[PDB]
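# let's see this in three dimensions:
(chains A, B and C, ligands or ions: 3)
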Amino acid sequence: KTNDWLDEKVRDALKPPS
Amino acid sequence: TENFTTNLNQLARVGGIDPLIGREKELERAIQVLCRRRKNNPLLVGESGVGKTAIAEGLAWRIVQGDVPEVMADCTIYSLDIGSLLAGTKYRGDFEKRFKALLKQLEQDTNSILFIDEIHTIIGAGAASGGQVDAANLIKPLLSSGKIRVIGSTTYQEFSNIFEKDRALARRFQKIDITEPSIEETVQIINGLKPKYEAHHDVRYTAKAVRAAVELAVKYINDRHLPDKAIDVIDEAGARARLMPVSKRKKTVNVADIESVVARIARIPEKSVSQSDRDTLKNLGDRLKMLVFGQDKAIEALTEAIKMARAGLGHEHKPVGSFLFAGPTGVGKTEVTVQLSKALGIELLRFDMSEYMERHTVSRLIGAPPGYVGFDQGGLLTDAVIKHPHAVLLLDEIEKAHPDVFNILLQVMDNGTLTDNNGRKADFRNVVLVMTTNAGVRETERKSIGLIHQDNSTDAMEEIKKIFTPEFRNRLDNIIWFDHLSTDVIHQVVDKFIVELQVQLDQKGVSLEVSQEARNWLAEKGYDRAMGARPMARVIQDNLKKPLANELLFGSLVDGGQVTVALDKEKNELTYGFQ
Amino acid sequence: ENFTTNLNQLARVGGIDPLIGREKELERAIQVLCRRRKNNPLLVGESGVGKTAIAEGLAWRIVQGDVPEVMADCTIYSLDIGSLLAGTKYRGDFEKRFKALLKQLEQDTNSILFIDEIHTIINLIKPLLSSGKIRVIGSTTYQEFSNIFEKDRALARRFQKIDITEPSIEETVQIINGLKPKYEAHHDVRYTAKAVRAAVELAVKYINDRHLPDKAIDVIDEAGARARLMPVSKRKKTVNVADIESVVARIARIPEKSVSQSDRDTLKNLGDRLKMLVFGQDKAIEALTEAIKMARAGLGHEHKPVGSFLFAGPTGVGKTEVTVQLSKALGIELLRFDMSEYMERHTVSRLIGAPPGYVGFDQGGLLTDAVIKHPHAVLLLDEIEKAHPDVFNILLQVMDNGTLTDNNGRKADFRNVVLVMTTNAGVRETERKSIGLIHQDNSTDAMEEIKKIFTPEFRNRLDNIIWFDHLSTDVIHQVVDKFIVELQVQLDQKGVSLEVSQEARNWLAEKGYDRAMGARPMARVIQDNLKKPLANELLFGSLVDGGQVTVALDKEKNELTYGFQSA
Ligand SMILES: Nc1ncnc2c1ncn2[C@@H]1O[C@H](COP(=O)(O)OP(=O)(O)OP(O)(O)=S)[C@@H](O)[C@H]1O
Ligand SMILES: Nc1ncnc2c1ncn2[C@@H]1O[C@H](COP(=O)(O)OP(=O)(O)O)[C@@H](O)[C@H]1O
Ligand SMILES: Nc1ncnc2c1ncn2[C@@H]1O[C@H](COP(=O)(O)OP(=O)(O)O)[C@@H](O)[C@H]1O
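Numbering: from 1, shown residues only, chains lettered A, B, ... in the order given. Ligands and ions are numbered 1, 2, ... in the order given. I have put the structure below:
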């Protein structure tokens, strides 16, 4: 009767003011 | 970096860091590791609440007071906060830049040392999730080179599984074992911390009070380890002392207050710890006489054993008392157990041994081992005793239990402890083990075959020896035999039953009167020699309770609140008058 | 300030409702806060128990001054999870907002932060606790505490578990009475003392949905709103007990009769109601009524279950009918578990185990949770003979103590549920023919079969052995008419009219109904015989329009003859 046990950061772009 | 990192040395001068007491051996090992040319990163591994963090923080306090070696002097200890550093990054390079910035400050100052509490967290996921650029990888070259020294704190379970999986990080650090040396050091340690705790609550701890707190928590509070739990009970006692002085009352902390504090943590009745209830224990036997009677030895044997336990003469590691009741079924063996828990105001633990009639059933009480379906579910016996450390354990029909169950009880009686599948240590020495068997009655009640009868004085004892292995009998403190109920006792049992029914009706507002002759008739039919007093409850239930209930809802009882019981001689059937 | 509101300042101006009772619970919360370390109270509880109100009541007490001098100047702020999380929708942006808020509280000493539903958030919770500069109040559900707090050693050590238990029945009405003057002033109409006390009892017994105290407060406000809104409020300046029950019908989803008090009234009508829809076997239903009559009187042990019933005979002996009607009459949800599937280790584990998933911890025991989901629901068991003897033993345990304990630790009380069982041992023995040159009837007494199949202790604990009389031929004829009537109403919507001869009903009755199988085959026999022939014609043929149908039988060939008219 055994049982088997199964087992954010992104770059951004900047826009300078026109 | 200042937000993420706090200077322990600067903080220690102001205060906050408690004085470290009696850790010279542990501290000396740390300095030796720190003075090493390479891999000078001591790791403190110990159980929860063993002063693991205090040792690292204490080093800063010791340096401030100049009680450390000259090489250690002129050094700064920095406590890194992993949570603050991880929070607010929200970018791939935010964590790396701040972490690298922190390392640069430590690298610039050779004397500076870092402290990372719960260092196991960084190796799992230090900087990024789903990426291999973790915090540990960043410091692995630096730690090997020896540019920066890092102190670590980890639990044994966390150190074994989360940590040491990566051999590269593990080798750099140097494992230092931390264990509480003795109970006497803890009381000594609390004395050093007594001024800080006393000032916060504006209370004073007596010498007897501080020693009493550590001892009481050890025996009763098993949720936490000895150093932390001892500090916790003396800390909570101050709060109790704070509430009571509404207007110019005494601020001293008494042992009675501490006794109440330990009781709250364990949620026990508090009667066992306090000695003010000696009167109840003194009259425990007399009270039991009002309860199930007819066995002068059962009440005397059980009451005497409890008294010695409170007096301090009980077994240090064995249960309070081990007793086997061999007598006819229905003579009160089971009731003595349930009539003693109510009187003592403690929980009652009852297990049906008949259910545990096969070898596979024993695994239910201790749990299935790892890698199986039942590992998730804890053992029934271990869960019950852990949940209720102070309670009455009742085993019925022990003789029918599989031999495997008997083996489990051997360690329980001899050592007072049982280990479940999870490996937790279940300590329930306070419980009084009582077992009830019906094996002996058969031999004595039955007459010997043949023309001339034979003495049955030793037949009952012989049966116990055959059914129960000798090793099991040795652990048992005493074996008590229950004599057959006399006619007067059987009639007395009915009187209690009518009183119980009368008391139940009194609350409802109905008054019941039962003829004395009617009680005698009920006694004969209800009581059976082989079954003892077992059928008396059913006879009283069906015969009397069912008819009265009908009138209670609607009839004479609802309007008049009066009822009577009579017997018909011609029909030999009870007749009830409702008014 | 913007992210977290000030409860203490709010109570000073108003809005917060005064807290009545909970003196011991509030006392412990004050005690932990005064501690040097591990001073973070945790108001563990359930939804509607008032844990959030306890925090609001604690803030009111501080301004009132019913607290120690150390706690007199403390300020409780309730962190708004929605405010900080909303408007960011990013990972780490939310944390930055929390850092700023934490800095403000850290700067001011003796500041208390209240994180309602803290389990939802749980990186920064651990540092504030470890620092100890600001103590924090946390409200988490009992289930979430095991999942999150128990698993994390650091969180558990800092937070102290304060058990928040629901008040007793008497306590719940007292809370409403304490808060009744506030409500009466708000809408200018009052509730009778009988009405408020009755609201607590009627709400919990029938709705059984949110919380014992929460339902009481919600039911009183709902009743007042309906009465005051109605124009009759001028003439009606008080709330009748029945008026609340009528309003409770909206949140009950059952008729007013069910909600109406029927503790003693149901007994008389229930007996008549069982006979209204069931023909004959008055003795059998009388046995069922007698056992439940005991519970209503109340002259019994509280732990003992409400009632114990038993059924014997062939499959389909009205076990579903009487149980469904009994459940309807008692206004209790019908819960039925079939022992027919419990014939293997995996299947028998289902009573207390969680077959759906080992990972799943919420379900636990399926049979056990069913009682928890509906406290008053009836439990119907069938074909218990099949089940293993070991499974049957657990039934004996609950019957004696009237309580059960799940593997997960949940405790179920059987004091409010009636247990009935169905047995079909009779059909197997009677159908068999004696091994003799001349056959003999093999029918045996039902009571004899119960004794051999089940252990003696089961019968002893059982109040009585109930044997349901076998079906009668007159009932079968009526049953045939009911199915035709059911088919008849279904055809009237389409516009088809079906007429069945009296002889036709009798003809189907003899072959269809079986003694061993009861009325189950008759049902199936009526579907194939009538639905199949008309079905072809309905799609294409004479019955496409008009729908004139006639049913008759031919005596010579003993076969049903169907006449179709185009009409
Ligand atoms: N001396 C006594 N005084 C009063 N009641 C007694 C006495 N001896 C036995 N009884 C009653 O006998 C009944 C059964 O006694 P137990 O020792 O509990 O046996 P049991 O077989 O466990 O009983 P059950 O639980 O009723 S099947 C209870 O009602 C007891 O209170
Ligand atoms: N040797 C000691 N000297 C002084 N205080 C101690 C000592 N051991 C324990 N303590 C006190 O008890 C606490 C133990 O908790 P700690 O070891 O920090 O827990 P954890 O290892 O779970 O982080 C210390 O913080 C301190 O207050
Ligand atoms: N013991 C109590 N005393 C006073 N009000 C209570 C009590 N228990 C619950 N309440 C009521 O509960 C309502 C909702 O608060 P609460 O139950 O704490 O919310 P939640 O279900 O979100 O935890 C409040 O209006 C409060 O009056």
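# drop to CA atoms for contacts and neighbour counts, all remaining ones
Fine.
# bridged to residue B:396, which residues?
The partner list for residue B:396 in beta bridges (DSSP bridges) reads residue B:352, residue B:436.
# residue closest to the middle of the chain?
Just so you know, I chose chain A. Central residue check for chain A by Cα atoms, centre = their mean: the C-alpha nearest the mean position is that of residue A:8, 3.6 Å away.
# the chain in question should be chain B.
Computing the C-alpha centroid of chain B and ranking residues by Cα atoms, centre = their mean puts residue B:389 first, at 3.5 Å.
# which one is it nearest to, not counting chain neighbours?
On the basis of Cα to Cα, 6 or more residues apart in numbering or on different chains, the spatially nearest residue to residue B:389 that is not a chain neighbour turns out to be residue B:428, at 5.2 Å.
# need the longest helix for chain B.
With residue count as the measure and DSSP state H as the assignment, chain B has helix B:487-508 as its longest helix.
# can you give me the buried ones in the next helix-or-strand element following it?
Elements were assigned by DSSP states H and E; along the chain past helix B:487-508, the next helix or strand is strand B:511-514. For strand B:511-514, a neighbour-count test (16 or more other Cα atoms under 10 Å in any protein chain shown) marks B:511-512, B:514 as buried.
# out of these, flag the one nearest to residue B:572.
Lowest distance from residue B:572 to these (Cα to Cα) belongs to residue B:514, with 15.6 Å.
# what distance do you get for the closest one to residue B:538?
Per Cα to Cα, to the nearest Å, residue B:514 is found 18 Å from residue B:538.
# for residue B:32, grab the count of nearby residues.
The burial count assigned to residue B:32 is 11, neighbours taken as other Cα atoms under 10 Å in any protein chain shown.
# what's the helix or strand for it?
Going by DSSP H and E, residue B:32 is part of helix B:24-34.
# is that helix up against ligand 2 anywhere?
No - Helix B:24-34 lies out of reach of ligand 2 by Cα under 6 Å from any ligand atom, never closer than 9.6 Å.
# so which elements touch that helix?
On a contact count with 3 or more Cα pairs under 8 Å, 6 or more residues apart in numbering or on different chains; DSSP states H and E, helix B:24-34 meets strand B:41-46, helix B:52-64, strand B:173-178.
# may I see the buried residues of that helix?
Neighbour-count burial for helix B:24-34, with 16+ other Cα under 10 Å as criterion, is recorded at B:27, B:30-31, B:33-34.
# out of these, which is nearest to residue B:227?
Using Cα to Cα, residue B:27 is the member of the buried residues of helix B:24-34 that lies nearest residue B:227, at 17.6 Å.
# how close does the closest residue to that closest one other than its chain neighbours sit to residue C:385?
Computed as Cα to Cα, 6+ apart, the closest residue to residue B:27 that is not its neighbour in sequence is residue B:55, at 7.1 Å. Going from residue B:55 to residue C:385 by Cα to Cα gives 66 Å.
# so what's the residue nearest to the centre of chain A up against?
Residue A:8 makes contact with B:90-91, B:129, C:91 under the criterion Cα atoms under 8 Å, 6 or more residues apart in numbering or on different chains.
# just the buried ones among those, please.
Buried subset of those (neighbour count, 16+ other Cα under 10 Å): B:90-91, C:91.
# which ones are touching residue B:251?
The contact partners of residue B:251, taken as Cα under 8 Å, 6+ apart, are B:202-204, B:241-242, B:245.
# which of those sit farthest apart?
Taking Cα to Cα, the two most distant members of these are B:204 and B:245; they sit 13.8 Å apart.
# which SS state does the closest residue to chain C within chain A fall under?
Residue of chain A nearest chain C, by Cα to the nearest Cα: residue A:8 (6.0 Å). Judged by DSSP: H, G, I helix; E, B strand; the rest coil, the three-state class of residue A:8 is coil.
# for the one 3 residues further on, same thing?
Local secondary structure at residue A:11 is given as coil here, using three-state DSSP.
# same check on the one 3 residues further on?
Secondary structure for residue A:14, judged by three-state DSSP, is coil.
# number of nearby residues for it?
5.
# now swap in the one 4 residues further on and tell me
Burial of residue A:18 is recorded as 3 neighbouring residues (other Cα under 10 Å).
# a helix runs through it, doesn't it?
No - applying three-state DSSP, one finds residue A:18 to be coil, outside a helix.
# and the residue nearest to residue B:174 when sequence neighbours are not counted, what does it touch?
Nearest non-adjacent residue to residue B:174, counting by Cα to Cα, 6+ apart: residue B:42, 4.9 Å away. Under the criterion of Cα under 8 Å, 6+ apart, the neighbours of residue B:42 are B:30, B:33-34, B:150-152, B:173-176.
# ok and the residue in chain B nearest ligand 2?
Distance from ligand 2 to each residue of chain B (Cα to the nearest ligand atom) is smallest for residue B:51, at 3.2 Å.
# swap that for chain A, please
Taking Cα to the nearest ligand atom, ligand 2 has its nearest neighbour within chain A at residue A:7, 27.5 Å off.
# how near is that residue to residue C:498?
Separation of residue A:7 from residue C:498 (Cα to Cα): 62 Å.
# same check on residue B:316?
With the distance defined as Cα to Cα, residue B:316 ends up 88 Å from residue C:498.
# so which helix or strand takes in the residue lying closest to residue B:303 once chain neighbours are set aside?
Nearest-residue entry for residue B:303: residue B:285, 5.9 Å, with adjacent residues in sequence omitted and distances by Cα to Cα, 6+ apart. Using DSSP H and E, residue B:285 sits in helix B:284-290.
# residue B:332 and residue B:288 touch, don't they?
No - at 11.8 Å, residue B:332 and residue B:288 do not qualify as touching, with contact defined as Cα atoms under 8 Å.
# measure stretch B:556-572 end to end?
Distances were taken as Cα to Cα; on that basis the terminal residues of stretch B:556-572 are 24 Å apart.
# quick one: that stretch near chain C?
No - against chain C, stretch B:556-572 shows no contacts by Cα under 8 Å from any Cα of the partner chain, the least distance being 10.0 Å.
# any idea how far that stretch is from the chain center?
On the basis of Cα atoms, centre = their mean, to the nearest Å, the separation between the geometric centre of stretch B:556-572 and that of its chain is 51 Å.
# go on, stretch B:40-49?
Relative to its parent chain, stretch B:40-49 has a centroid offset of 28 Å by Cα atoms, centre = their mean.
# is it positioned near ligand 2?
Yes - under the criterion of Cα under 6 Å from any ligand atom, stretch B:40-49 makes contact with ligand 2 via B:48-49.
# then that stretch to PDB, C-alphas only?
Output for stretch B:40-49, consisting of C-alpha atoms alone and laid out as PDB, is shown next (Å, rounded to 0.1, in the frame of the first residue of the first chain):
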ATOM      1  CA  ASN B  40      36.200  30.800   8.100                       C
ATOM      2  CA  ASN B  41      32.400  30.600   8.200                       C
ATOM      3  CA  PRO B  42      31.100  29.000  11.400                       C
ATOM      4  CA  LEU B  43      27.700  27.400  11.200                       C
ATOM      5  CA  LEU B  44      25.500  27.000  14.300                       C
ATOM      6  CA  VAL B  45      23.200  24.000  14.100                       C
ATOM      7  CA  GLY B  46      20.900  23.100  16.900                       C
ATOM      8  CA  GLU B  47      17.300  22.400  17.900                       C
ATOM      9  CA  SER B  48      14.700  25.200  18.100                       C
ATOM     10  CA  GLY B  49      15.100  27.600  21.000                       C
END
